[PDB]
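**Student:** I need the structure of the sequence given here:
(chains A, B, C, D, E and F)
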Amino acid sequence: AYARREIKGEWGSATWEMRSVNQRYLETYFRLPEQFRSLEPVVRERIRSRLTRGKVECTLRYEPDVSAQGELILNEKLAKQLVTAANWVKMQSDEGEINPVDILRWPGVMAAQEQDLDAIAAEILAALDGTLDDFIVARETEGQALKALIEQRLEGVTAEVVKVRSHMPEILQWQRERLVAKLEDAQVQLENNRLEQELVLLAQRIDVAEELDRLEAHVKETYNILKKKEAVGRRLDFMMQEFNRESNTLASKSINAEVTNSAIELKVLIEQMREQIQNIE
Amino acid sequence: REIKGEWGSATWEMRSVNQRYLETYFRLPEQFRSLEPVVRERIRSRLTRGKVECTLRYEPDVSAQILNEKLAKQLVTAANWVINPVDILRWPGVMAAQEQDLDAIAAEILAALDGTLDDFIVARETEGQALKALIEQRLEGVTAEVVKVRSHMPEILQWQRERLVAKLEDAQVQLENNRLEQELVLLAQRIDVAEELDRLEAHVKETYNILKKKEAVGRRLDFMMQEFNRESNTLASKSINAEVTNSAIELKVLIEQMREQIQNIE
Amino acid sequence: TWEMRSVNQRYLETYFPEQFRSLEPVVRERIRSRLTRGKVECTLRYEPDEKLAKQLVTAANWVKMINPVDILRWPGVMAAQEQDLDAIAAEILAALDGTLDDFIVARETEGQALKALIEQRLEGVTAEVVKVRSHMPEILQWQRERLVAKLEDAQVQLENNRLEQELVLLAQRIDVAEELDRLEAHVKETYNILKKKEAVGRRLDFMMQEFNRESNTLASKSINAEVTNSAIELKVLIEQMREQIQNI
Amino acid sequence: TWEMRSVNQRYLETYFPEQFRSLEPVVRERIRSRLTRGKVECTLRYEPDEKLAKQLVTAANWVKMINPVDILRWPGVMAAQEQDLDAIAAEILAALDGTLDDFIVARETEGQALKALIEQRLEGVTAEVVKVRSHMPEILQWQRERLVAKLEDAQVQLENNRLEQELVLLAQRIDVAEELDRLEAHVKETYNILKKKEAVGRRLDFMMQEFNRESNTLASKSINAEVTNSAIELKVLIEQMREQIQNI
Amino acid sequence: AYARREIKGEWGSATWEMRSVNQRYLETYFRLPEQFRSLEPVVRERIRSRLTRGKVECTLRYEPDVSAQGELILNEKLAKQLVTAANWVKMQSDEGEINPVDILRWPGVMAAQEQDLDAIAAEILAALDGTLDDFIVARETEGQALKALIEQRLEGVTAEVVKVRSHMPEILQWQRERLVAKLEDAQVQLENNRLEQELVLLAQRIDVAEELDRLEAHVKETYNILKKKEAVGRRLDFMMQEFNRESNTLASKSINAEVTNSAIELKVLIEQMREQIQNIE
Amino acid sequence: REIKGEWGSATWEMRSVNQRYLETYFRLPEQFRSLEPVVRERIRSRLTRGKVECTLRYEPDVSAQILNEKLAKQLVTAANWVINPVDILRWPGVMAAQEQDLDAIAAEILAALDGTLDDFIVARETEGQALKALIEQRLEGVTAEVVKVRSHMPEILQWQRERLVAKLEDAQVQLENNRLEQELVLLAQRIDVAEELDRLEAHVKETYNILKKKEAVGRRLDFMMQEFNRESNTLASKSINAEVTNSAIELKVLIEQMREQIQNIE
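**Tutor:** Numbers count the residues shown, from 1 in each chain, chains lettered A, B, ... in the order given. Structure as follows:
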């Protein structure tokens, strides 16, 4: 998701910025200020410890409060040998004045009285963790929504399985009545005892009993994966394939309009789920 | 949608390409980085599929744009005990100028996104209106080829019975292989010639009502699209006559054209 | 003081005081000469412990035929420097190699470490393999007891020559020995791949795909929750391995 | 006008007017999104067809409580520019993609071309393979006629059961059918490798090593100048192939 | 090798610099001036057409003759709106003078009257090829030396083969006299007719006749490879391995001190050659 | 070797690491780029093996260091019709200063390379003097182990004859395999026990005179070094007694220590 926090201390104001995008692995980038490039390893690990996946861009922005630094700290000794060097010229050259503003714009004469960066970073680090709290909270929140609507599709799945278990007896008699009706057009004498073994070992497979158990087993297993705190929902995308393998198993074996037209909604449910699982840790 | 306000004019531009799922990314500026999720939520709430290209930049106004009084004062003092003001000026910290007020500018900016999403939705419904038409066009052609087979059906029940009998007669003199090979093949296949015709006419019915909904029907079609072909090839490999062999081709051909016009469907 | 401050990636794309801009190619070459890949950010920490003026008089006249504020600090007074830069820079290059010692060791550290946690998942696969062999006998038994139970409610009278035929053609449906044998060989094969000193960061990635093709082969094969429930852990284990192999 | 001015190498490490420094990340991303590897040097050709001044008066007094030569040209008069930079830069990004079209085609051109000249050496190997099968029969004959000729000057009296044994154990020494069969299969295998649209620039390099192990196997096997003379051309052909495959 | 040529024309002086180092493939780098970055492809190909291997660094150095350019070309129009902008300030600010030197240091006011770069590069390209001539000549020259001393080792090789063909008859009788002498210590009865077939099929192999022919065939083939103008001496390094395979074949089969001590010089000759072949195209 | 002249002092530093072949590369500066081959030829002419690290830099002297009269003149003129001279000064083309004269400085520089090559050659002869000693040390130990086997030789001719007889007696009752397996094995191997001793004593002789030459003997040793071991393992796999088995070990052990002290030899 996203989060930022301004701080504003005795030295200046600071602002953290974290954002997260769908990535397969965990990756992080850091565009920090220049005073704190010695902190980057601590922050990186502090992230990996609380995140496991996602491309995350973490940024800190430093606004220095010049009113409190004071800067200056005149190297009075160097300025003087700048003054004397200015004098040995002003005399030999026999011309010219001596601007002090120029004498100031020497690299080593005006060192900015840097502020307790060890105290500035000490309060920043306290704010880095404070944002991760606000960041993870933003990510769990969003997680609570998908969990519900994924479990929502699961209930829609259950509505689709039992609806199929219900039409199997009605369909398998119609295939018995259809297949046999040709044997009379074939004029062939009624096998009777040889028919039954053929009608059985033809209904199985062709009748959906096995995978419905699997799909129902998948639904049970799906719920607990969403209800664990451990190695999160990356495996869900895998289950959606197993869900799908039992779905398509039903597609190329189904013998009735009524079973197939409902079996599409399944494929719809899987994909609806397959979209919201890409947002799961 | 261009807006021009009190501090300058901005311009939005949204695009869509084509993806199986919904995934938006935003390359907004950096002066305007606190809205990316707000925009994200307001966009994702209205769409279901497609890779979407969102927003460019607001060109800042200069005529609508803070010197350091205290620091400049202590700089002269350090400088005199040791005078252009312009040099005293081109120091990083004396001017700078914060000049922030995005909390008033963005409110008029954000109001246009829903206005922009309409123009995105309007553009895709527009593009959508054509596909609805030409998909229903292949269907009428489908239906025309459906009854054309339905008309030749009686000859098939006479010609396919004689095929089945040919299997029962060849198996006469032939040893007893069992009933499975000669019968489950020549019975499961004869019942189909008429059977999928019932399905296909039903597929056509089921296809049309799917098209008149306000929900997400892009995969529901593709699922149906596989169903069309599986009953089609079932009919293809049962080809005993020229007209049936040639008709199942037009069928399969009609199916595929859809598999591109459905590729643009959300 | 040298500081390497970078993770691991590919090529290497190295990154790099005002007195030492003449070393940047030298350092670049001396680093890449010893290591493979990865983006490296290199920063150092330097904290210290004329003739033209004669030719300047000439400038004052030819412009008139003047001011110290302009010509005040000259670059060439600070280029040739004041401290023997050719002797001070000498300890720097000698210490850079000294950090590289600790840099490679730092990379071997996790490298030897990632090796350890990859070997963790490898054992678990075998644990998931043998866990599969554990639920198999009851399955060929419950599917057998099921298949027979279905024919008797149907009361279809029994013929042994055909009885066995479904009992086999289901036993060869449910059978998962082939992929277990392949997979049991895969875990074995990885360890010796893990025991080479060479360029094996692709050889591992190939192996992880072998797992996925055999994981998916067995996943798309058997009949039970327990088998599919085991088939989840495999890809979970695979991806866990694949997250750490992309860094080699 | 865009200009790409770079050869082929790996990663890609892209390189890049004063009004357009705000595009450098945008261009970087839009290029790498479409291509594989190689060092690319990108240059463009741009040829064109206040409020602060008010806050400046303030500066003149607080320093005294002054000069146009200093504040003369201000940056912010030239930053916001004078021409609509937001509309002119728009044709540039649209044309960059236009050059990329011609850039990929330029790389496919040689890519389709290197493919051709690699296929040249491939045919020659087969020509060197069949050229080997050509000198074989006389060799099993001249070594046979030699071996027998050596036993008769020595006058060693002949035994057929042992005669054949050297005639075989030399015939299986001189034999080079195995590596020719392997090699004849190699050339066949390369062409279909050459007919894929994917990441085959390693698959080729593997094949060229297969050649060298079989080249060296046959080189280190037979007995004749003609065989060794043929074994030279192989590695010559291999290296010739390997010079052009390192660019894929 | 190496070559450079100064030019000095009506516009300034120019200097090419090429150097070549032992590389397996052909590679080239170009550090050109800034006025001629539009020439780099022509030069690259102009090199590949004349070179086949070697890492080559090609450099051009431009020394502009400021005396002939003249520069200036005052944008009198822009300078005036610089003057007026300077005036609208000088008046409002109520202070200050107007330096023209500052008005000059505007990017667009002083455009250096660039010189016919299309005429400068036209004479440079004529000098680029002139150096390649001097470069390749430097490389052939050096080539003529290695060719001689490699063929020099070849003669030393021939001295080593015939010296071996000469001692074979003397050695093979001593191995006959040695091997048989144990059969008497073995007390075993003299095989006679069974001995001869064993003494023959033991001398071959063990006697160096086959590979000597090969080595002599290698020497013949080596000479013509050095004497072709075509696909140059890269294959020589390969032949040195074939030379070496016949050398070592002689090492582990040799039965005499006298044959082996000479067979070392062979291995010495190969390596002496194997060093000078790394400098061959 | 440090030299200090009229325009500044320079310092050479040469190093050697260790390579099988000779290959020199030079990282000299850029002010001094016209000598790299001259130095190359003068170096390569004296060495045969080794990867060699050559030369650093000359620190330029400032007290031993050209304004534009004409351009500065036409700059003032353009400037006045429209004056600090220092600004007129910090233009790229008015000062610059060529200040070249490497044709006089390098002559004293180049003269020291032969002086430096001596110090390179002196350093390696120095390092060489130790290896010559300790290689000849393993050899005396070799010789001591040579005669120790030569002393036990008679027992071997008695013990190896009984081994050969054991092969002729086992083959008695045994079917006629032929003469090759029992005889070429047990004859080619018995003749050796004494044979390589003649070679090894000769190897030692041949080794020593190789060491007293002024030419390139580094591979001549390594060739010999393989010869030592091939007669050694021939003697190793003929091990019938404890003392012979244990003696052929010290032999092989002595050989290998050399294969490191020869690794530093040119």
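
**Student:** pick out the residue of chain A closest to chain E.
**Tutor:** Proximity of chain A to chain E (Cβ to the nearest Cβ) peaks at residue A:97, 14.7 Å away. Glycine gets a C-beta too; all of them are placed from N, C-alpha and C.

**Student:** does the closest residue to chain D within the stretch 1-150 of chain A belong to a helix or a strand, and which?
**Tutor:** Using Cβ to the nearest Cβ, the closest approach of the stretch 1-150 of chain A to chain D is made by residue A:101 at 9.9 Å. Using DSSP states H and E, residue A:101 maps to helix A:100-104.

**Student:** OK, contacts around residue A:23?
**Tutor:** Shown in contact with residue A:23 (Cβ atoms under 8 Å, 6 or more residues apart in numbering or on different chains): A:53-55.

**Student:** which of those fall in helices?
**Tutor:** Using DSSP state H, no member of the contacts of residue A:23 sits in helices.

**Student:** for those, which one is nearest chain C?
**Tutor:** Nearest to chain C among those, counting by Cβ to the nearest Cβ, is residue A:53 at 8.8 Å.

**Student:** identify the residue spatially nearest to the residue of the stretch 1-150 of chain A closest to chain D, adjacent ones excluded.
**Tutor:** Computed as Cβ to Cβ, 6 or more residues apart in numbering or on different chains, the closest residue to residue A:101 that is not its neighbour in sequence is residue B:87, at 5.0 Å.

**Student:** for the residue of chain A most remote from its centre, what are phi and psi?
**Tutor:** Farthest-out residue of chain A from its mean C-alpha position, per Cα atoms, centre = their mean: residue A:94, at 72.7 Å. Phi and psi for residue A:94, reported as degrees, to the nearest 10, are phi 70, psi 10.

**Student:** so what's the residue in chain A that chain F sits nearest to up against?
**Tutor:** Relative to chain F, the nearest point of chain A is residue A:96 (9.6 Å; Cβ to the nearest Cβ). Listed by Cβ under 8 Å, 6+ apart, the contact set of residue A:96 reads A:89-90, C:66-69.

**Student:** which among those gets closest to chain B?
**Tutor:** For these, the nearest to chain B is residue C:69 (10.5 Å; Cβ to the nearest Cβ).

**Student:** my read: residue A:73 touches residue A:111, true?
**Tutor:** Yes. Between residue A:73 and residue A:111 there is a contact at 5.1 Å, judged by Cβ atoms under 8 Å.

**Student:** off-centre distance for whichever strand or helix holds residue A:167?
**Tutor:** Here residue A:167, judged by DSSP H and E, is contained in helix A:117-185. Using Cα atoms, centre = their mean, to the nearest Å, the distance from the centre of helix A:117-185 to the centre of the chain it belongs to is 16 Å.

**Student:** go on, stretch A:101-114?
**Tutor:** For stretch A:101-114, the separation from the chain centroid amounts to 48 Å (computed by Cα atoms, centre = their mean).

**Student:** contacts for it, please.
**Tutor:** Contacts of stretch A:101-114 (Cβ under 8 Å, 6+ apart): A:69-75, A:78-79, A:82-83, A:86, B:78-79, B:82-84, B:87-88, C:69-70, C:72-73.

**Student:** check stretch A:165-185 too.
**Tutor:** Applying Cβ under 8 Å, 6+ apart, the set of residues contacting stretch A:165-185 from outside is A:190-191, A:195, A:199, A:202-203, A:206-209, A:212, A:255-256, A:258-259, B:157, B:161, B:164, B:183, B:187-188, B:190-191, B:195.

**Student:** CA atoms only: put it into PDB for me.
**Tutor:** Extracted in PDB, the C-alpha atoms of stretch A:165-185 (Å, rounded to 0.1, in the frame of the first residue of the first chain):
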ATOM      1  CA  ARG A 165     -24.000 -33.800  -7.300                       C
ATOM      2  CA  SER A 166     -27.800 -33.300  -7.600                       C
ATOM      3  CA  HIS A 167     -28.100 -33.700 -11.400                       C
ATOM      4  CA  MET A 168     -25.800 -36.700 -11.700                       C
ATOM      5  CA  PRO A 169     -28.500 -39.300 -11.000                       C
ATOM      6  CA  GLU A 170     -30.900 -37.700 -13.500                       C
ATOM      7  CA  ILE A 171     -28.200 -37.500 -16.200                       C
ATOM      8  CA  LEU A 172     -26.700 -41.000 -15.900                       C
ATOM      9  CA  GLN A 173     -30.100 -42.500 -16.500                       C
ATOM     10  CA  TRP A 174     -30.500 -40.400 -19.600                       C
ATOM     11  CA  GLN A 175     -27.100 -41.600 -21.000                       C
ATOM     12  CA  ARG A 176     -28.200 -45.100 -20.200                       C
ATOM     13  CA  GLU A 177     -31.500 -44.500 -22.100                       C
ATOM     14  CA  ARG A 178     -29.600 -42.800 -24.900                       C
ATOM     15  CA  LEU A 179     -26.700 -45.300 -25.400                       C
ATOM     16  CA  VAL A 180     -29.100 -48.300 -25.200                       C
ATOM     17  CA  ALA A 181     -31.600 -46.800 -27.700                       C
ATOM     18  CA  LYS A 182     -29.000 -47.200 -30.500                       C
ATOM     19  CA  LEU A 183     -28.700 -50.900 -29.800                       C
ATOM     20  CA  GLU A 184     -32.200 -51.300 -30.900                       C
ATOM     21  CA  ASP A 185     -31.500 -49.300 -34.100                       C
END
